[PDB]
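Quick notes on the structure that follows.
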Amino acid sequence: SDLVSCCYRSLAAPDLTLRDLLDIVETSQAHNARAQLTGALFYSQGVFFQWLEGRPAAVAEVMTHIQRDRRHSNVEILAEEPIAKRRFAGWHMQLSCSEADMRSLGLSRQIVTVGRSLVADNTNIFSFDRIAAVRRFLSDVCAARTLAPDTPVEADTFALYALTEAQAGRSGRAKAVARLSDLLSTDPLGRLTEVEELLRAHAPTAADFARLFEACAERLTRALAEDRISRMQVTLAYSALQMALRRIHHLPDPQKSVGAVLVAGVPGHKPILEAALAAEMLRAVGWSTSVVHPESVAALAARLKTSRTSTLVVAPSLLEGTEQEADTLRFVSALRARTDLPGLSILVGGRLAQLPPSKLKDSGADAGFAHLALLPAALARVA
Ligand SMILES: Cc1cc2nc3c(=O)[nH]c(=O)nc-3n(C[C@H](O)[C@H](O)[C@H](O)COP(=O)(O)O)c2cc1C
């Protein structure tokens with residue numbers, strides 16, 4: 001064989017255009033054609049996924065050029081594996097995007113469309129699941145169109161691929177959450193290294209961290225309710241998770257950002273972890289993010305009229321939910337009163353996000369996110 005594959009994820013420049021994508025595609029088609037390289041490029045919501053395959057040397061040279069490119073950043077290698085045969089034969093470099101992005105760019109082949117519509121807000125689908133699903137989908141589309149070019153492929157076909165991948169990971173993840181919840185319930189600080197290793201194994205990205213945390217959080221809320229653990233135990237666990245998070249994920253603020261956002265807790269609530277996660281998730285898709293733990297409504301009012309950052313995410317406290325709801329209500333309402341900013345947007349999580357959007361209108365908050373991992377998606381909608 002002697003064929004190799006390389007795949008990475010990167011953050012497209014915030015000012016990226018169709019002309020750029022097309023230039024990349026033409027350059028890449030030409031060069032890959034000469035150098036005997038194949039693969040696919042997937043663009044969705046400011047993010048690139050790419051797969052490249054060929055002889056080792058070719059892949060290495062082209063990666064040398066790509067890494068230094070200035071139309072994207074945070075290139076993270078995801079795989080460098082030997083393959084038995086090409087997954088994208090005939091595709092020197094084929095472009096593809098999500099259905100939503102197809103709408104946003106005004107496109108309608110030859111660009112392979114991926115319908116994420118049905119699975120995008122499914123919290124059981126982890127990051128690597130989406131990546132592998134995209135890979136398999138595109139490889140298959142490549143085969144198909146190699147056989148029957150004028151035979152169109154349904155975008156929403158991808159959904160099944162994604163769901164299938166997630167389902168493959170489900171059991172193992174359940175084990176992980178169980179083991180984890182046990183650790184957090186016993187001595188999370190005495191066994192922090194184990195917590196970290198688990199998290200590191202099962203949560204490659206920050207959103208994954210968020211999924212695991214939601215699961216553990218309901219487990220522990222149940223445990224605390226049934227008086228099986230103490231409040232002190234929950235505080236310990238919370239600390240342990242903050243430490244583990246910071247050790248593992250700690251993205252710098254993106255220099256070229258899609259926008260700026262303020263993440264704040266409600267005064268008295270200490271959503272330290274949830275705010276950190278929110279910041280990590282938003283940073284990972286290209287948002288400039290600031291975390292604030294204000295102690296008065298007025299403080300935040302000042303910071304907002306100073307920043308002129310028209311977007312505010314109120315991070316929920318998923319472990320102090322005795323009175324998160326009415327507190328958040330009062331807080332957002334108060335904030336809206338002391339504020340004179342027609343462009344201001346507010347997003348809310350927790351139990352408040354579980355209410356029907358009618359209540360959301362009534363709330364003065366603009367939109368909700370019933371699960372942490374849904375936050376990026378919820379933000380893009382308002383933008
Ligand atoms: C997301 C992305 C994917 C790219 N993929 C390829 C590729 O598969 N093959 C290629 O030759 N260039 C690719 N490029 C372009 C290279 O980064 C770079 O423009 C080119 O290889 C060097 O230009 P040259 O034609 O003067 O050698 C890609 C660029 C970006 C931003």
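Labeling convention for the structure tokens: chains A, B, ... as they appear, residues from 1 per chain, ligands from 1 in order of appearance.
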Task: Given 10 Å and only C-alpha atoms and all ligand atoms, residues near ligand 1 as an NGL selection string - done: :A and (8-13 or 16 or 20-21 or 23-35 or 37-43 or 47-53 or 58-59 or 61-73 or 75 or 92-95)
Open item on the list: Nearest residue to residue A:284 out of A:99, A:182, A:253, A:362, using only C-alpha atoms?
Closed with: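 Smallest separation from residue A:284 among the options: A:253.
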- [ ] Mind the document's chain letters and residue numbers, and return as a PyMOL selection string the residues of stretch 207-318 of chain A that DSSP labels alpha helix (DSSP H).
- [x] chain A and resi 207-225+231-248+272-284+297-307
TODO: Take atom CA of residue A:127 and atom CA of residue A:209 and report the distance between them in Å, one decimal.
DONE: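 Atom-to-atom, atom CA of residue A:127 and atom CA of residue A:209 are spaced 10.4 Å apart.
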Task: Near-residue A:106 list (10 Å; only C-alpha atoms; drop same-chain fewer than 4 positions) as a PyMOL selection string - done: chain A and resi 18+101-102
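One finds atom CA of residue A:149 at 26.0 Å from atom CA of residue A:164.
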TODO: Looking only at strand (DSSP E or B) from DSSP on the backbone, list the matching residues of stretch 200-359 of chain A as number ranges by chain.
DONE: A: 259-264, 287-292, 311-314, 345-348
Task: Shell around residue A:246 at 10 Å using only C-alpha atoms, local window under 6 positions removed, as a VMD selection string - done: chain A and resid 273 276 to 277 280
Using C-alpha atoms, can you export the residues from the last selection as a PDB file, in the first residue's frame?
```
ATOM      1  CA  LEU A 273     -17.411  25.957  35.832  1.00  0.00           C
ATOM      2  CA  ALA A 276     -15.512  28.649  31.950  1.00  0.00           C
ATOM      3  CA  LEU A 277     -17.076  25.992  29.739  1.00  0.00           C
ATOM      4  CA  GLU A 280     -14.119  27.619  26.035  1.00  0.00           C
TER       5      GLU A 280
END
```
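Using only C-alpha atoms, the smallest distance between any of A:166, A:299, A:84, A:178 and residue A:126 comes from A:166.
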TODO: Please indicate the distance in Å from atom CA of residue A:309 to atom CA of residue A:104, rounded to one decimal place.
DONE: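 Value for the atom CA of residue A:309-atom CA of residue A:104 distance: 23.9 Å.
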Task: Using only C-alpha atoms: which of A:311, A:363, A:185, A:242 has the shortest distance to residue A:229 - done: A:185
